[PDB]
Amino acid sequence: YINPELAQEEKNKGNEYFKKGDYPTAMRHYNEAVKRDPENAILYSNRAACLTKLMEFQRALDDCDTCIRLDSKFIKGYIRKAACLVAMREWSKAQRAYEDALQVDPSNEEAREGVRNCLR
């Protein structure tokens, strides 16, 4: 059952615990946010960042694809995908994910720095 205000509230509990670095507890809240507004791309971007810190790389990249599917214009899905691949040391795939972001917005500074980071 869709509840987008509750999803927002849960997003924030998530983001807060993310920042005290208790990702276990942040994840409980990101899961609930996703449950309540499952078509909202940003919730998957957010959850992907957390899953990546936890080294749940398979689940992280699933969330990045979800984000990219739900909103192909939302740059952070591509950024989170690239960042996860950097965390995996998948450099060649990471470089292409950042380049996919740059296709969406060639002025994106985070993606341009990400390409620099991928030069080995």
# chains A, B, ... in the order shown; residues from 1 in each chain; ligands from 1
$ residues_around --residues "residue 79 of chain A" --least-positions-apart "5" --cutoff "7 Å" --atoms "only C-alpha atoms" --output "tab-separated table (two decimals) with N, CA and C atoms, in the first residue's frame"
chain	number	residue	atom	x	y	z
A	98	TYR	N	30.14	5.88	-14.90
A	98	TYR	CA	30.36	7.34	-14.80
A	98	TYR	C	30.20	7.98	-16.14
A	101	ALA	N	26.60	8.35	-16.78
A	101	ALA	CA	26.11	9.53	-16.09
A	101	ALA	C	26.38	10.80	-16.93
A	111	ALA	N	30.63	12.83	-11.65
A	111	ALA	CA	30.91	11.80	-12.66
A	111	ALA	C	32.24	12.04	-13.38
$ residues_around --residues "segment 8-21 of chain A" --least-positions-apart "3" --cutoff "6 Å" --atoms "only C-alpha atoms" --output "PDB file with N, CA and C atoms, in the first residue's frame"
ATOM      1  N   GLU A   5       4.220  10.041   2.086  1.00  0.00           N
ATOM      2  CA  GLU A   5       4.658  10.845   3.233  1.00  0.00           C
ATOM      3  C   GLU A   5       5.362   9.946   4.251  1.00  0.00           C
ATOM      4  N   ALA A  26      19.898   1.929   9.809  1.00  0.00           N
ATOM      5  CA  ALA A  26      19.511   2.721   8.631  1.00  0.00           C
ATOM      6  C   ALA A  26      18.792   1.871   7.578  1.00  0.00           C
ATOM      7  N   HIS A  29      15.090   1.154   8.091  1.00  0.00           N
ATOM      8  CA  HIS A  29      14.312   2.313   7.655  1.00  0.00           C
ATOM      9  C   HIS A  29      14.298   2.518   6.145  1.00  0.00           C
ATOM     10  N   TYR A  30      15.385   2.207   5.481  1.00  0.00           N
ATOM     11  CA  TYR A  30      15.380   2.303   4.000  1.00  0.00           C
ATOM     12  C   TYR A  30      14.460   1.283   3.328  1.00  0.00           C
ATOM     13  N   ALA A  33      10.952   2.574   3.742  1.00  0.00           N
ATOM     14  CA  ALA A  33      10.725   3.653   2.769  1.00  0.00           C
ATOM     15  C   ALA A  33      10.423   3.067   1.402  1.00  0.00           C
TER      16      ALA A  33
END
$ closest_residue --among "A:24, A:106, A:114, A:77" --to "residue 91 of chain A" --atoms "only C-alpha atoms"
A:114
$ residues_around --residues "residue 47 of chain A" --least-positions-apart "3" --cutoff "8 Å" --atoms "only C-alpha atoms" --output "PyMOL selection string"
chain A and resi 27+30-31+43-44+50-51+60+63
$ write_last_selection --atoms "N, CA and C atoms" --output "PDB file, in the first residue's frame"
ATOM      1  N   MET A  27      19.273   0.649   7.393  1.00  0.00           N
ATOM      2  CA  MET A  27      18.665  -0.297   6.439  1.00  0.00           C
ATOM      3  C   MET A  27      17.267  -0.668   6.819  1.00  0.00           C
ATOM      4  N   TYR A  30      15.385   2.207   5.481  1.00  0.00           N
ATOM      5  CA  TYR A  30      15.380   2.303   4.000  1.00  0.00           C
ATOM      6  C   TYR A  30      14.460   1.283   3.328  1.00  0.00           C
ATOM      7  N   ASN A  31      14.436   0.084   3.905  1.00  0.00           N
ATOM      8  CA  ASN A  31      13.530  -0.972   3.490  1.00  0.00           C
ATOM      9  C   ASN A  31      12.089  -0.584   3.597  1.00  0.00           C
ATOM     10  N   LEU A  43      14.706   6.679  -3.395  1.00  0.00           N
ATOM     11  CA  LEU A  43      14.762   5.724  -2.278  1.00  0.00           C
ATOM     12  C   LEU A  43      15.737   4.578  -2.563  1.00  0.00           C
ATOM     13  N   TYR A  44      15.831   4.155  -3.838  1.00  0.00           N
ATOM     14  CA  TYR A  44      16.777   3.140  -4.242  1.00  0.00           C
ATOM     15  C   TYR A  44      18.210   3.617  -4.313  1.00  0.00           C
ATOM     16  N   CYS A  50      23.881   2.772   1.125  1.00  0.00           N
ATOM     17  CA  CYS A  50      23.965   2.036   2.369  1.00  0.00           C
ATOM     18  C   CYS A  50      24.399   0.605   2.126  1.00  0.00           C
ATOM     19  N   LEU A  51      23.783  -0.040   1.141  1.00  0.00           N
ATOM     20  CA  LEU A  51      24.114  -1.444   0.824  1.00  0.00           C
ATOM     21  C   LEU A  51      25.595  -1.532   0.412  1.00  0.00           C
ATOM     22  N   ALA A  60      23.085  -3.886  -3.706  1.00  0.00           N
ATOM     23  CA  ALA A  60      23.360  -2.500  -4.111  1.00  0.00           C
ATOM     24  C   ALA A  60      23.177  -2.265  -5.611  1.00  0.00           C
ATOM     25  N   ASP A  63      19.586  -2.300  -6.678  1.00  0.00           N
ATOM     26  CA  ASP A  63      18.962  -0.989  -6.378  1.00  0.00           C
ATOM     27  C   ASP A  63      19.357   0.118  -7.350  1.00  0.00           C
TER      28      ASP A  63
END
$ select_by_dssp --residues "chain A" --states "alpha helix (DSSP H)" --output "MDAnalysis selection string"
chainID A and resid 4:19 23:36 41:53 57:70 75:87 91:104 109:118
$ decode --residues "segment 58-99 of chain A" --atoms "N, CA and C atoms" --output "mmCIF file, in the first residue's frame"
data_model
loop_
_atom_site.group_PDB
_atom_site.id
_atom_site.type_symbol
_atom_site.label_atom_id
_atom_site.label_comp_id
_atom_site.auth_asym_id
_atom_site.auth_seq_id
_atom_site.Cartn_x
_atom_site.Cartn_y
_atom_site.Cartn_z
ATOM 1 N N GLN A 58 25.771 -7.110 -4.568
ATOM 2 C CA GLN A 58 24.714 -7.620 -5.452
ATOM 3 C C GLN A 58 23.406 -6.858 -5.203
ATOM 4 N N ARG A 59 23.040 -6.675 -3.917
ATOM 5 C CA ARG A 59 21.803 -5.943 -3.629
ATOM 6 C C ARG A 59 21.934 -4.475 -3.990
ATOM 7 N N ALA A 60 23.085 -3.886 -3.706
ATOM 8 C CA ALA A 60 23.360 -2.500 -4.111
ATOM 9 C C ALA A 60 23.177 -2.265 -5.611
ATOM 10 N N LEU A 61 23.792 -3.091 -6.438
ATOM 11 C CA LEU A 61 23.704 -2.862 -7.867
ATOM 12 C C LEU A 61 22.247 -3.121 -8.378
ATOM 13 N N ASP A 62 21.521 -4.065 -7.763
ATOM 14 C CA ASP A 62 20.086 -4.249 -8.075
ATOM 15 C C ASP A 62 19.397 -2.921 -7.845
ATOM 16 N N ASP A 63 19.586 -2.300 -6.678
ATOM 17 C CA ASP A 63 18.962 -0.989 -6.378
ATOM 18 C C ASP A 63 19.357 0.118 -7.350
ATOM 19 N N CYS A 64 20.604 0.112 -7.805
ATOM 20 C CA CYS A 64 21.058 1.105 -8.787
ATOM 21 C C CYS A 64 20.336 0.894 -10.083
ATOM 22 N N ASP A 65 20.195 -0.379 -10.506
ATOM 23 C CA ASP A 65 19.403 -0.608 -11.726
ATOM 24 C C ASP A 65 17.948 -0.216 -11.588
ATOM 25 N N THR A 66 17.407 -0.455 -10.407
ATOM 26 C CA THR A 66 16.057 -0.007 -10.173
ATOM 27 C C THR A 66 15.923 1.508 -10.329
ATOM 28 N N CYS A 67 16.801 2.239 -9.708
ATOM 29 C CA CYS A 67 16.808 3.672 -9.798
ATOM 30 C C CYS A 67 16.859 4.146 -11.254
ATOM 31 N N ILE A 68 17.732 3.527 -12.039
ATOM 32 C CA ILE A 68 17.974 3.867 -13.456
ATOM 33 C C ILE A 68 16.743 3.533 -14.315
ATOM 34 N N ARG A 69 16.115 2.415 -13.988
ATOM 35 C CA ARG A 69 14.853 2.020 -14.611
ATOM 36 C C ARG A 69 13.728 2.953 -14.252
ATOM 37 N N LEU A 70 13.599 3.297 -12.980
ATOM 38 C CA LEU A 70 12.464 4.131 -12.623
ATOM 39 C C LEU A 70 12.596 5.548 -13.159
ATOM 40 N N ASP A 71 13.793 6.073 -13.173
ATOM 41 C CA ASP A 71 14.060 7.382 -13.681
ATOM 42 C C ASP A 71 15.337 7.478 -14.437
ATOM 43 N N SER A 72 15.295 7.283 -15.760
ATOM 44 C CA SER A 72 16.549 7.220 -16.519
ATOM 45 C C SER A 72 17.288 8.535 -16.590
ATOM 46 N N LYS A 73 16.617 9.618 -16.240
ATOM 47 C CA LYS A 73 17.209 10.969 -16.161
ATOM 48 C C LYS A 73 17.823 11.356 -14.806
ATOM 49 N N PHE A 74 17.643 10.544 -13.777
ATOM 50 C CA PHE A 74 18.047 10.890 -12.429
ATOM 51 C C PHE A 74 19.510 10.458 -12.331
ATOM 52 N N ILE A 75 20.371 11.447 -12.185
ATOM 53 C CA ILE A 75 21.809 11.146 -12.377
ATOM 54 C C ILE A 75 22.362 10.265 -11.289
ATOM 55 N N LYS A 76 21.807 10.329 -10.091
ATOM 56 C CA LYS A 76 22.425 9.607 -8.997
ATOM 57 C C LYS A 76 22.362 8.096 -9.132
ATOM 58 N N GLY A 77 21.365 7.519 -9.811
ATOM 59 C CA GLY A 77 21.378 6.082 -10.066
ATOM 60 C C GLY A 77 22.670 5.609 -10.743
ATOM 61 N N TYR A 78 23.172 6.373 -11.722
ATOM 62 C CA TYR A 78 24.354 6.051 -12.440
ATOM 63 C C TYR A 78 25.557 6.241 -11.543
ATOM 64 N N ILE A 79 25.538 7.326 -10.759
ATOM 65 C CA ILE A 79 26.660 7.633 -9.842
ATOM 66 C C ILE A 79 26.794 6.540 -8.811
ATOM 67 N N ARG A 80 25.661 6.137 -8.233
ATOM 68 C CA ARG A 80 25.729 5.076 -7.185
ATOM 69 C C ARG A 80 26.187 3.734 -7.771
ATOM 70 N N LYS A 81 25.782 3.444 -9.001
ATOM 71 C CA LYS A 81 26.224 2.259 -9.734
ATOM 72 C C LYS A 81 27.793 2.310 -9.887
ATOM 73 N N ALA A 82 28.276 3.447 -10.332
ATOM 74 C CA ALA A 82 29.730 3.641 -10.546
ATOM 75 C C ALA A 82 30.410 3.521 -9.255
ATOM 76 N N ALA A 83 29.904 4.169 -8.214
ATOM 77 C CA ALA A 83 30.587 4.125 -6.933
ATOM 78 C C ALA A 83 30.689 2.733 -6.320
ATOM 79 N N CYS A 84 29.583 1.968 -6.464
ATOM 80 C CA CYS A 84 29.597 0.568 -6.070
ATOM 81 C C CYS A 84 30.650 -0.236 -6.821
ATOM 82 N N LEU A 85 30.790 0.017 -8.102
ATOM 83 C CA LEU A 85 31.748 -0.718 -8.905
ATOM 84 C C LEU A 85 33.138 -0.302 -8.489
ATOM 85 N N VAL A 86 33.360 0.987 -8.184
ATOM 86 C CA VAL A 86 34.699 1.404 -7.593
ATOM 87 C C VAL A 86 34.970 0.638 -6.320
ATOM 88 N N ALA A 87 34.014 0.545 -5.405
ATOM 89 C CA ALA A 87 34.160 -0.222 -4.168
ATOM 90 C C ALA A 87 34.556 -1.713 -4.370
ATOM 91 N N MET A 88 34.058 -2.321 -5.435
ATOM 92 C CA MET A 88 34.377 -3.665 -5.927
ATOM 93 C C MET A 88 35.714 -3.765 -6.697
ATOM 94 N N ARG A 89 36.349 -2.640 -6.941
ATOM 95 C CA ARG A 89 37.506 -2.507 -7.851
ATOM 96 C C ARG A 89 37.256 -2.996 -9.259
ATOM 97 N N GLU A 90 35.996 -2.845 -9.714
ATOM 98 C CA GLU A 90 35.623 -3.168 -11.065
ATOM 99 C C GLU A 90 35.833 -1.914 -11.900
ATOM 100 N N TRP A 91 37.074 -1.583 -12.160
ATOM 101 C CA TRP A 91 37.392 -0.209 -12.666
ATOM 102 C C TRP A 91 36.861 0.118 -14.009
ATOM 103 N N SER A 92 37.001 -0.834 -14.920
ATOM 104 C CA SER A 92 36.495 -0.659 -16.262
ATOM 105 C C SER A 92 34.978 -0.480 -16.274
ATOM 106 N N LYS A 93 34.246 -1.289 -15.510
ATOM 107 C CA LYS A 93 32.788 -1.103 -15.461
ATOM 108 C C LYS A 93 32.402 0.205 -14.739
ATOM 109 N N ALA A 94 33.154 0.557 -13.711
ATOM 110 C CA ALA A 94 32.942 1.815 -12.979
ATOM 111 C C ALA A 94 33.111 3.009 -13.910
ATOM 112 N N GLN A 95 34.122 2.944 -14.764
ATOM 113 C CA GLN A 95 34.407 4.058 -15.698
ATOM 114 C C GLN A 95 33.244 4.214 -16.649
ATOM 115 N N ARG A 96 32.771 3.092 -17.195
ATOM 116 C CA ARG A 96 31.591 3.155 -18.070
ATOM 117 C C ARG A 96 30.338 3.634 -17.360
ATOM 118 N N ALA A 97 30.090 3.306 -16.090
ATOM 119 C CA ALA A 97 28.926 3.822 -15.374
ATOM 120 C C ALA A 97 28.978 5.369 -15.216
ATOM 121 N N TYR A 98 30.141 5.878 -14.898
ATOM 122 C CA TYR A 98 30.364 7.342 -14.797
ATOM 123 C C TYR A 98 30.200 7.978 -16.138
ATOM 124 N N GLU A 99 30.669 7.291 -17.165
ATOM 125 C CA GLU A 99 30.448 7.816 -18.532
ATOM 126 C C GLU A 99 28.987 7.779 -18.917
#
